[PDB]
Structure formats: C-alpha cells, structure tokens
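Data from my_file.pdb: PDB, N, CA and C atoms
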```pdb
ATOM      1  N   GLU X   1       2.845   4.687 -29.934
ATOM      2  CA  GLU X   1       2.476   3.611 -28.988
ATOM      3  C   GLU X   1       0.997   3.679 -28.642
ATOM      4  N   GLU X   2       0.642   4.659 -27.824
ATOM      5  CA  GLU X   2      -0.709   4.809 -27.315
ATOM      6  C   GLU X   2      -0.723   5.982 -26.348
ATOM      7  N   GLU X   3      -1.780   6.769 -26.372
ATOM      8  CA  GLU X   3      -1.905   7.872 -25.431
ATOM      9  C   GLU X   3      -2.136   7.320 -24.042
ATOM     10  N   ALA X   4      -2.697   6.133 -24.021
ATOM     11  CA  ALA X   4      -3.059   5.468 -22.793
ATOM     12  C   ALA X   4      -1.843   4.913 -22.108
ATOM     13  N   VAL X   5      -0.877   4.487 -22.898
ATOM     14  CA  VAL X   5       0.347   3.967 -22.360
ATOM     15  C   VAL X   5       1.203   5.084 -21.843
ATOM     16  N   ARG X   6       1.209   6.145 -22.587
ATOM     17  CA  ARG X   6       1.844   7.348 -22.186
ATOM     18  C   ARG X   6       1.310   7.764 -20.828
ATOM     19  N   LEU X   7      -0.003   7.664 -20.697
ATOM     20  CA  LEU X   7      -0.680   7.828 -19.435
ATOM     21  C   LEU X   7      -0.320   6.759 -18.467
ATOM     22  N   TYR X   8      -0.206   5.590 -19.001
ATOM     23  CA  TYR X   8       0.198   4.441 -18.242
ATOM     24  C   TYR X   8       1.476   4.692 -17.518
ATOM     25  N   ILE X   9       2.541   4.866 -18.253
ATOM     26  CA  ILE X   9       3.817   5.156 -17.668
ATOM     27  C   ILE X   9       3.673   6.298 -16.693
ATOM     28  N   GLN X  10       2.978   7.316 -17.154
ATOM     29  CA  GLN X  10       2.601   8.444 -16.331
ATOM     30  C   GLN X  10       1.940   7.988 -15.018
ATOM     31  N   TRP X  11       1.112   6.953 -15.101
ATOM     32  CA  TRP X  11       0.438   6.391 -13.945
ATOM     33  C   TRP X  11       1.437   5.773 -13.005
ATOM     34  N   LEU X  12       2.154   4.800 -13.516
ATOM     35  CA  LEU X  12       3.158   4.096 -12.746
ATOM     36  C   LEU X  12       4.163   5.053 -12.117
ATOM     37  N   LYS X  13       4.466   6.121 -12.833
ATOM     38  CA  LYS X  13       5.415   7.109 -12.367
ATOM     39  C   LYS X  13       4.788   8.045 -11.329
ATOM     40  N   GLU X  14       3.484   8.288 -11.447
ATOM     41  CA  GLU X  14       2.768   9.109 -10.482
ATOM     42  C   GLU X  14       2.300   8.278  -9.278
ATOM     43  N   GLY X  15       2.046   6.999  -9.515
ATOM     44  CA  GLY X  15       1.541   6.112  -8.486
ATOM     45  C   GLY X  15       1.064   4.793  -9.071
ATOM     46  N   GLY X  16       2.016   3.896  -9.329
ATOM     47  CA  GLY X  16       1.728   2.613  -9.961
ATOM     48  C   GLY X  16       0.862   1.682  -9.116
ATOM     49  N   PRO X  17       0.841   0.390  -9.483
ATOM     50  CA  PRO X  17       0.032  -0.644  -8.825
ATOM     51  C   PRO X  17       0.179  -0.654  -7.311
ATOM     52  N   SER X  18      -0.909  -0.314  -6.620
ATOM     53  CA  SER X  18      -0.946  -0.309  -5.159
ATOM     54  C   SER X  18       0.009   0.736  -4.580
ATOM     55  N   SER X  19       0.588   1.549  -5.453
ATOM     56  CA  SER X  19       1.531   2.573  -5.041
ATOM     57  C   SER X  19       0.877   3.937  -5.089
ATOM     58  N   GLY X  20      -0.321   3.941  -5.610
ATOM     59  CA  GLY X  20      -1.080   5.166  -5.714
ATOM     60  C   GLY X  20      -2.494   4.966  -6.229
ATOM     61  N   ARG X  21      -2.632   4.889  -7.544
ATOM     62  CA  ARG X  21      -3.925   4.979  -8.191
ATOM     63  C   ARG X  21      -4.239   3.726  -9.020
ATOM     64  N   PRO X  22      -5.516   3.537  -9.408
ATOM     65  CA  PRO X  22      -5.923   2.490 -10.355
ATOM     66  C   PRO X  22      -5.417   2.800 -11.763
ATOM     67  N   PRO X  23      -5.113   1.768 -12.551
ATOM     68  CA  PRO X  23      -4.346   1.930 -13.775
ATOM     69  C   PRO X  23      -5.111   2.604 -14.921
ATOM     70  N   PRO X  24      -4.336   3.252 -15.793
ATOM     71  CA  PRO X  24      -4.798   4.128 -16.876
ATOM     72  C   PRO X  24      -5.115   3.386 -18.169
ATOM     73  N   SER X  25      -5.825   2.288 -18.067
ATOM     74  CA  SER X  25      -6.103   1.487 -19.240
ATOM     75  C   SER X  25      -7.573   1.073 -19.264
TER
END
```

Output the structure of this file as structure tokens.
Amino acid sequence: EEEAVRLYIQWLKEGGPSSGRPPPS
C-alpha cells in the first residue's frame, strides 16, 4: 500500500482528524 498509509492508519488510531494530530500524508 504505502508506508505513509500505514502511518496514516497509525495516525488515525493514535489520534485521527481533530482527535489528536495533523495527518501523516
């Protein structure tokens, strides 16, 4: 897929949109 998406999901799971951090893309 993408290392960034992997990070992405990782992002959303660690703190998605307005739920934590700015997105991993």

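Between CA of residue 6 (chain X) and CA of residue 25 (chain X) lies a distance of 10.3 Å.
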
Worksheet entry | One-decimal distance in Å that lies between atom N of residue 1 (chain X) and CA of residue 22 (chain X) |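 For CA of residue 22 (chain X) relative to atom N of residue 1 (chain X), the distance reads 21.6 Å.
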
Worksheet item: If you run DSSP on the backbone, which residues of chain X are helix (DSSP H, G or I), as an MDAnalysis selection string?
Response: chainID X and resid 3:15

Write the selection just made, keeping N, CA and C atoms, as a CSV table (one decimal), in the frame of the given file?
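Dumped to part-v4.csv:
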```
chain,number,residue,atom,x,y,z
X,3,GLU,N,-1.8,6.8,-26.4
X,3,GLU,CA,-1.9,7.9,-25.4
X,3,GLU,C,-2.1,7.3,-24.0
X,4,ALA,N,-2.7,6.1,-24.0
X,4,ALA,CA,-3.1,5.5,-22.8
X,4,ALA,C,-1.8,4.9,-22.1
X,5,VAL,N,-0.9,4.5,-22.9
X,5,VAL,CA,0.3,4.0,-22.4
X,5,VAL,C,1.2,5.1,-21.8
X,6,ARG,N,1.2,6.1,-22.6
X,6,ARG,CA,1.8,7.3,-22.2
X,6,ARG,C,1.3,7.8,-20.8
X,7,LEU,N,0.0,7.7,-20.7
X,7,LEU,CA,-0.7,7.8,-19.4
X,7,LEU,C,-0.3,6.8,-18.5
X,8,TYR,N,-0.2,5.6,-19.0
X,8,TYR,CA,0.2,4.4,-18.2
X,8,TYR,C,1.5,4.7,-17.5
X,9,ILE,N,2.5,4.9,-18.3
X,9,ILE,CA,3.8,5.2,-17.7
X,9,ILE,C,3.7,6.3,-16.7
X,10,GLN,N,3.0,7.3,-17.2
X,10,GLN,CA,2.6,8.4,-16.3
X,10,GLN,C,1.9,8.0,-15.0
X,11,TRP,N,1.1,7.0,-15.1
X,11,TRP,CA,0.4,6.4,-13.9
X,11,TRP,C,1.4,5.8,-13.0
X,12,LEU,N,2.2,4.8,-13.5
X,12,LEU,CA,3.2,4.1,-12.7
X,12,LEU,C,4.2,5.1,-12.1
X,13,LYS,N,4.5,6.1,-12.8
X,13,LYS,CA,5.4,7.1,-12.4
X,13,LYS,C,4.8,8.0,-11.3
X,14,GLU,N,3.5,8.3,-11.4
X,14,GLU,CA,2.8,9.1,-10.5
X,14,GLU,C,2.3,8.3,-9.3
X,15,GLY,N,2.0,7.0,-9.5
X,15,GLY,CA,1.5,6.1,-8.5
X,15,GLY,C,1.1,4.8,-9.1
```

Worksheet item: Distance CA of residue 23 (chain X)-atom N of residue 2 (chain X), one decimal place?
Response: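 Atom-to-atom, CA of residue 23 (chain X) to atom N of residue 2 (chain X), that is 15.2 Å.
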